[PDB]
Amino acid sequence: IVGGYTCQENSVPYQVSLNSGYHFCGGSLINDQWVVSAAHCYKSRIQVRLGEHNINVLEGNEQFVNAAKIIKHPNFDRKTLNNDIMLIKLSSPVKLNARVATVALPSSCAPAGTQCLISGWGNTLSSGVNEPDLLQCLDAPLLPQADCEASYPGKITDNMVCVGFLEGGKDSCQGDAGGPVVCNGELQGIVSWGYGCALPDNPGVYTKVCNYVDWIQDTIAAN
Amino acid sequence: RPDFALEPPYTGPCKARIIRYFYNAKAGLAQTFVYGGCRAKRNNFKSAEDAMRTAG
Ligand SMILES: [Ca+2]
């Protein structure tokens with residue numbers, strides 16, 4: 001997260017870290033056994049780290065659980081990034097407390113202008129690399145679909161939404177993928193892609209979760 | 001050596017943090033970079049020895 005601020009300790013209890021030796025992607029806890037992330041964050045073996053704040057120091061509030069089943073959206077496209085969503089079933093149910101909690105799936109698609117919270121342990125610089133120990137937060141609005149299409153000509157599908165600022169300076173970056181975009185207590189987006197980080201006329205592009213509520217519920221009930 | 005070996009490391013549009021190997025034409029050695037997760041160019045390898053075989 002570029003241009004953000006350090007989140008208050010455990011103020012984003014649904015945020016998880018995907019680890020395969022090191023932190024590589026984020027994710028969101030939707031129920032005691034399932035995590036939602038981006039499909040491009042696929043790895044054959046993933047350990048999910050919950051209740052985290054400082055990713056490099058053992059604080060004592062963390063729960064380390066391995067991935068049992070990793071299910072990507074059947075229509076995921078590796079080139080266009082359409083349907084960039086993935087479900088992860090945990091090996092054992094997690095203990096829900098004040099540090100570890102679930103985020104609600106969307107009731108409907110939030111309109112343009114809705115203020116949201118983006119979070120992650122990704123790069124904090126637009127030019128250069130600086131990986132934070134502590135979870136970073138960013139308050140940003142859902143942008144009009146016309147402005148998203150103007151920023152990325154012919155690259156935006158109906159399953160994508162732009163969140164951020166057209167002036168740049170504030171955006172999600174490398175290491176934030178799979179992470180949450182929560183608006184009014186509901187998961188409206190998943191960190192996906194963008195051209196660079198925090199660059200003018202190039203806001204981040206996110207997977208529009210409201211188009212996948214039925215797919216998520218049907219997959220959880222069948223597995 | 002081929003053209004891709006002299007090309008700068010490509011992070012790509014995706015936002016994952018995946019450590020991959022590339023060949024530096026300036027230093028003449030195999031170094032690491034942050035790959036985003038999608039649309040990789042040819043100067044992107046999973047291991048150090050796979051980079052030394054193809055590019056070295
Ligand atoms: Ca920790």
Side-chain angles (χ1 to χ4, degrees), chain A residues 1-19 22-32 35-38 41 47-65 88 94-106 110 114-126 128-143 161-165 168-192 194 197-198 203-204 206-207 209, chain B residues 15-17 34:
Chain A
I1 305 289
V2 188
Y5 55 95
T6 299
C7 309
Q8 177 181 46
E9 195 175 292
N10 306 118
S11 62
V12 191
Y14 47 86
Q15 174 79 233
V16 311
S17 167
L18 270 41
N19 187 296
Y22 54 91
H23 167 83
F24 71 94
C25 275
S28 307
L29 189 73
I30 50 171
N31 64 71
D32 66 354
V35 165
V36 59
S37 186
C41 290
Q47 177 182 69
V48 179
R49 292 178 182 199
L50 311 94
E52 291 269 11
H53 185 47
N54 187 326
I55 215 71
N56 297 300
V57 177
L58 180 73
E59 301 158 296
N61 294 309
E62 319 92 335
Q63 290 179 56
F64 299 68
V65 192
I88 297 167
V94 296
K95 291 185 177 183
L96 301 173
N97 47 64
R99 282 72 272 274
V100 182
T102 70
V103 59
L105 284 175
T114 306
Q115 271 287 111
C116 311
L117 183 67
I118 312 169
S119 52
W121 286 277
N123 189 10
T124 60
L125 296 177
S126 184
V129 186
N130 186 90
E131 286 154 8
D133 290 319
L134 309 168
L135 183 61
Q136 299 296 292
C137 276
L138 181 65
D139 298 293
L142 247 58
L143 294 173
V161 64
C162 281
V163 185
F165 306 88
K170 291 172 172 66
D171 204 351
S172 53
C173 202
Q174 280 66 48
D176 293 318
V181 174
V182 174
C183 326
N184 301 313
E186 290 177 358
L187 182 66
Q188 294 284 341
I190 293 163
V191 187
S192 188
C197 307
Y206 301 76
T207 309
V209 186
Chain B
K15 291 172 179 178
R17 190 235 179 214
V34 177

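Any value given below was found using the heavy atoms of this structure, including those in side chains, with hydrogens, waters and symmetry copies removed. Chain letters run A, B, ... following the sequence lines, proteins first, then strands; residues in each count from 1.
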**Request:** Taking side-chain contact (heavy atoms from CB on, under 4.5 Å) as the test, write out the residues that go with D139(A), two or more places apart.
**Result:** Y5(A), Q115(A), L117(A)
**Fill in**
Separation between CG (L96(A)) and CG (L29(A)), nearest 0.5 Å, reads 6.5 Å
**Request:** Could you tell me whether the side chain of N97(A) and the main chain of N61(A) form a donor-acceptor pair under 3.5 Å?
**Result:** no
**Asked** Does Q136(A) reach the main-chain N or O of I1(A) with its side chain, forming a donor-acceptor pair under 3.5 Å?
**Response** no
**Message:** Pairing donors with acceptors under 3.5 angstrom, does anything connect the side chains of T124(A) and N130(A)?
**Reply:** yes
**Fill in**
Rounded to the nearest 0.5 angstrom, the CD1-CD1 distance for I30(A) and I88(A) is 10.0 Å
**Request:** Decide whether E52(A) and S17(A) meet the rule of one side-chain donor and one side-chain acceptor closer than 3.5 Å.
**Result:** no
**Pairwise distance CD1(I190(A)) to SG(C41(A)) - rounded to 0.5 angstrom** = 9.5 Å
**Request:** Starting from the C-alpha separation in whole Å, work towards a yes-or-no answer on side-chain contact (heavy atoms from CB on, under 4.5 Å) for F64(A) and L58(A).
**Result:** CA-CA 11 Å; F64(A) 299 68; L58(A) 180 73; 4.2 Å; yes
**Prompt:** Which atoms form the tightest heavy-atom contact between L135(A) and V12(A), and what is the distance?
**Reply:** CD2-CB, 3.9 Å
**Message:** Contact between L50(A) and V65(A) at the side-chain level, heavy atoms closer than 4.5 Å - yes or no?
**Reply:** yes
**Request:** Tell me, please, which residues at least two apart from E131(A) pass salt bridge (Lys or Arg N to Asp or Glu O under 4.0 Å).
**Result:** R17(B)
**Fill in**
Nearest heavy-atom contact between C183(A) and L142(A) is SG-CD1, 3.9 Å
**Asked** Do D176(A) side-chain atoms and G122(A) backbone N/O form a donor-acceptor pair below 3.5 Å?
**Response** yes
**Message:** Could you check whether any side-chain N or O of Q63(A) sits under 3.5 Å from a backbone N or O of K95(A), counting only pairs where one atom can act as donor and the other as acceptor?
**Reply:** yes
**With sequence neighbours excluded, residues passing side chain to side chain donor-acceptor pair (under 3.5 Å) with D133(A)** = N56(A)
**Request:** Please list, chain by chain and in numerical order, all residues satisfying side chain to side chain donor-acceptor pair (under 3.5 Å) with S28(A), sequence neighbours excluded.
**Result:** none
**Item:** From CZ (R49(A)) to CD1 (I55(A)), nearest 0.5 Å
**Value:** 7.0 Å
**Request:** Please indicate whether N184(A) has more than 12 foreign heavy atoms, meaning atoms of other residues, nucleotides or ligands, lying under 6.0 Å from its CG.
**Result:** no
**Message:** Assess the residue pair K15(B) and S192(A) against the criterion (side chain to side chain donor-acceptor pair (under 3.5 Å)); give the C-alpha distance rounded to whole Å, side-chain angles, the decisive distance to 0.1 Å, and a yes or no.
**Reply:** CA-CA 6 Å; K15(B) 291 172 179 178; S192(A) 188; over 6 Å; no
**Prompt:** Excluding sequence neighbours, so at least two apart, what forms side chain to side chain donor-acceptor pair (under 3.5 Å) with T207(A)?
**Reply:** none
**Request:** Check ring-ring contact (aromatic ring centres under 6.0 Å, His included) between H53(A) and all other residues, then give those that pass, not counting sequence neighbours.
**Result:** none
